[PDB]
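>
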Amino acid sequence: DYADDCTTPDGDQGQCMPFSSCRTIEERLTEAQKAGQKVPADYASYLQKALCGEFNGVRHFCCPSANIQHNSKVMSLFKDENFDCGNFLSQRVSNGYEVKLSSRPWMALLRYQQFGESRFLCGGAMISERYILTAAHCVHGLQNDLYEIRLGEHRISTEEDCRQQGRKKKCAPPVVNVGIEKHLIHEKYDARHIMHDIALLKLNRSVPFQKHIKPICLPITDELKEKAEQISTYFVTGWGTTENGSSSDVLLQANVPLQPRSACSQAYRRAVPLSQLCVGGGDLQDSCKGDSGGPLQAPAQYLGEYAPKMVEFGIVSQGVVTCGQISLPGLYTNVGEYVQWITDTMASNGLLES
Ligand SMILES: *[C@@H]1O[C@H](CO[C@@H]2O[C@@H](C)[C@@H](O)[C@@H](O)[C@@H]2O)[C@@H](O[C@@H]2O[C@H](CO)[C@@H](O[C@@H]3O[C@H](CO)[C@@H](O)[C@H](O)[C@@H]3O)[C@H](O)[C@H]2NC(C)=O)[C@H](O)[C@H]1NC(C)=O
Ligand SMILES: *[C@@H]1O[C@H](CO)[C@@H](O)[C@H](O)[C@H]1NC(C)=O
Ligand SMILES: [Ca+2]
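Counting with PDB author numbering, you get residues 27 to 380 for the letters of the sequence shown.
1) Which of the three DSSP states, helix, strand or coil, is assigned to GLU143?
2) If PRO241 sits next to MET133, beta carbons under 8 Å apart, how far is it from one beta carbon to the other, in whole angstroms?
3) Which residue spans inside the region 96 to 148 form an unbroken alpha helix (DSSP H) run of at least 4?
4) Would you say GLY264 touches ligand 1, meaning its beta carbon is less than 8 Å from a heavy atom?
5) Please output, in chain order, the residues near ligand 3 using a CB cut-off of less than 5 Å to any non-hydrogen atom of the ligand.
6) For ligand 1, is there any heavy atom lying closer than 8 Å to the beta carbon of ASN230?
7) Ligand 2 and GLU57: does the residue's C-beta get closer than 8 Å to at least one heavy atom of that ligand?
8) Mark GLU255 as exposed unless 16 or more other C-beta atoms lie within 10 angstroms of its C-beta, in which case mark it buried.
9) Taking 8 Å as the cut-off, is the beta-carbon of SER318 closer than that to any non-hydrogen atom of ligand 2?
10) Using beta-carbon positions only, say whether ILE341 and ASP248 come within less than 9 Å of one another.
11) Please state whether DSSP places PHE339 in a helix, a strand or coil.
12) Could you pull the start and end residues of the beta strand (DSSP E) that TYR157 belongs to?
13) Starting from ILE352 and walking both ways along the beta strand (DSSP E), at which residues does that stretch end?
14) Does the distance from the C-beta atom of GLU179 to that of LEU115 stay below 9 Å?
15) Can you tell which of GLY192, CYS304, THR56 has its C-alpha closest to the C-alpha of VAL282?
16) Kindly examine ligand 1 and report whether one of its heavy atoms sits closer than 8 Å to the Cβ of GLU207.
17) Helix, strand or coil for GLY362 per DSSP?
18) For the putative contact between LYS315 and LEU278, defined by C-beta atoms under 8 Å, what is the C-beta separation to the nearest angstrom?
19) Going by C-alpha to C-alpha distance, which of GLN311, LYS237, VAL365, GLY330 sits closest to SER129?
20) In its own chain, which residues sit with a C-beta less than 7 Å from the C-beta of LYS105, not counting the 5 before and 5 after it?
21) Are at least three pairs of beta-carbons, each pair with one atom in the region 38 to 46 and one in the region 77 to 93, less than 8 Å apart?
22) Is the CB-CB distance between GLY150 and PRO35 below 9 Å?
23) Just to check, is the beta-carbon of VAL204 closer than 8 Å to a non-hydrogen atom of ligand 1?
24) What does the Cβ neighbour count give for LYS196, buried or exposed, with the cut at 16 atoms within 10 Å?
25) Between the C-alpha atoms of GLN351 and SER91, what's the straight-line distance to the nearest angstrom?
26) Since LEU177 contacts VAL202 with CB under 8 Å, what's their CB separation in whole angstroms?
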């Protein structure tokens, strides 16, 4: 299967990866192409021996562990100088939870058609013109119910979301309501224990970036993956969307602390692996601001960009409850541990049409 442990024909331990996620294979293939030639016969023979299957129409090869890289077919987008992810200024500091109109333009609302009606029951965040990142618990066993995504939202109840501009008002453009072509749940998602709680939703058309709809950045470098545990305070943003729908009509945000994993391991009476982050708890109105499957976000140095960019470091997995009651620390998916899976899943499923 994709990413299974394997041994290369030359005896190195590795994982079953697409060629675009193996620095050494990609270099050999690129070097031959650049010279206007095929790879030598002995190397073609090595690749046949290294072949570990075909998953979602992509040939996979055993790649030595140290040579595994994020999928170059997707990294070319994320590293593009014109890929405008995590852009924010954004607002002047108020004590409460208010969010400036359009200031978190990646925020997504997941719509479900159930008891004859439809409701937003999860959140998520735009990561590209065709992909939304969310929790697997928002998607698993719900493929027939989960049917639309809403992007560019601020206040759910009003079709027009405006702010004062002088003696007049400036409104954000209309929201975008888009369908879902693919429900892409992590292969190792455990629905019983809630582990590897991550999923991608591929939109059924491209949603071009607009002033109020833009992607969030991902922790695509070693520095950013390492940063997840060094950040003291994160933004927990959303409409407080749970199985009971949104608790807030308007987008809100709180500054919530990263906690030691022991806080969650004690509260949930279960081991907390490195693939999870422990956040917040012990408050009445802060930890609860997030959406089920929504982002855990913070500004960071993204590649060589001058301005800090917002990066999604976590995904709301468990323990984020309704406001007004004392919360327990919340479990979040540690996004850095899944960027490899994200890039390979987006690559095999296509950035544009499938
Ligand atoms: C992208 O997806 C949208 C939204 O549709 C949703 O996602 C799709 C991938 C499918 O899973 C849909 O079942 C799901 O609703 C598509 O727009 C929607 O198209 C459908 C079907 O042509 C419309 O349904 C009809 O609605 C009428 C009017 O009430 C009924 O009479 C019909 O019997 C049927 O239910 C639906 O109204 C429409 N929704 C929106 C918001 O436009 C869109 O076609 C699709 N493709 C592209 C290229 O965007
Ligand atoms: C959903 O509402 C019910 C009924 O009040 C409550 O028991 C529950 O905790 C809510 N779920 C979440 C995740 O907050
Ligand atoms: Ca609105």
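Even for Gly, the Cβ is constructed at its ideal location relative to N, Cα and C.
Per the coordinate set shown:
1) As a working mapping, residue 143 is identified with position 117 in the sequence shown. Of the three classes helix, strand and coil, the one that applies to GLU143 here is coil, per DSSP.
2) To locate residue 241, count along the sequence shown from 1; it is residue 215. To locate residue 133, count along the sequence shown from 1; it is residue 107. Actually they do not touch by this definition, with Cβ atoms about 11 Å apart.
3) Counting only runs of 4 or more, we get 98 to 104.
4) On the sequence shown, residue 264 is found 238 positions in, with the first residue counted as 1. No, Cβ of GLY264 sits at least 8 Å from all heavy atoms of ligand 1.
5) The answer, residue by residue, is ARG181, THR184, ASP187.
6) The residue you call residue 230 lines up with position 204 of the sequence shown. Placement of the Cβ of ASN230 at a distance of less than 8 Å from at least one heavy atom of ligand 1 is found.
7) Stepping through the sequence shown from its first residue, residue 57 is reached at position 31. Checking every heavy atom of ligand 2 against the Cβ of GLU57, none is found closer than 8 Å.
8) Start at 1 with the first residue of the sequence shown, and residue 255 comes out as number 229. With fewer than 16 neighbouring CB atoms inside 10 Å of its own CB, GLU255 falls in the exposed class.
9) By 1-based counting over the sequence shown, the position of residue 318 is 292. The answer is yes for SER318.
10) Taking the sequence shown and counting its residues from 1, the one referred to as residue 341 is at position 315. Taking the sequence shown and counting its residues from 1, the one referred to as residue 248 is at position 222. No.
11) Mapped onto the sequence shown, residue 339 falls at position 313. It is a strand residue.
12) Locating residue 157 in the sequence shown gives position 131, where the first residue counts as 1. Residues 157 to 160.
13) Residue mapping note: residue 352 aligns to position 326 of the sequence shown, counting from 1. Counted as a single uninterrupted DSSP element, the stretch harbouring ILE352 is not any beta strand (DSSP E), since DSSP gives it neither H nor E.
14) The residue labelled residue 179 in the question sits at position 153 within the sequence shown. The residue labelled residue 115 in the question sits at position 89 within the sequence shown. The answer is no: Cβ separation not under 9 Å.
15) If you number the sequence shown from 1, residue 282 lands on position 256. Closest option to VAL282, Cα to Cα, is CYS304.
16) The residue given as residue 207 occupies position 181 in the sequence shown. If you check the C-beta of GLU207 against ligand 1, you find a heavy atom less than 8 Å away.
17) Translated into the one-based positions of the sequence shown, residue 362 becomes position 336. In this structure, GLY362 counts as helix in the three-state DSSP scheme.
18) The count along the sequence shown starts at 1 and reaches residue 315 at position 289. The count along the sequence shown starts at 1 and reaches residue 278 at position 252. Confirmed, Cβ separation roughly 5 Å.
19) For the purposes of this step, residue 129 is taken as the residue at position 103 of the sequence shown. Residue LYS237 is the option with its Cα nearest to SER129.
20) On the sequence shown, residue 105 is found 79 positions in, with the first residue counted as 1. Taken in chain order, the residues that qualify are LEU329.
21) The region 77 to 93 and the region 38 to 46 touch, with three or more beta-carbon pairs separated by less than 8 Å.
22) The residue you call residue 150 lines up with position 124 of the sequence shown. The residue you call residue 35 lines up with position 9 of the sequence shown. By the CB criterion at 9 Å, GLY150 and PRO35 fall outside the cutoff.
23) In the sequence shown, counting from the first residue as 1, residue 204 sits at position 178. Yes, ligand 1 has a heavy atom inside 8 Å of this Cβ.
24) In the sequence shown, the residue the question calls residue 196 occupies position 170. Sixteen is the threshold: since fewer than 16 other Cβ atoms of the shown chains lie within 10 Å of the Cβ of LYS196, the residue is exposed.
25) Taking the first residue of the sequence shown as 1, we reach residue 351 at position 325. Taking the first residue of the sequence shown as 1, we reach residue 91 at position 65. Those two C-alpha atoms are separated by around 46 Å.
26) Locating residue 177 in the sequence shown gives position 151, counting from the first residue. Locating residue 202 in the sequence shown gives position 176, counting from the first residue. About 4 Å; that satisfies the 8 Å criterion.
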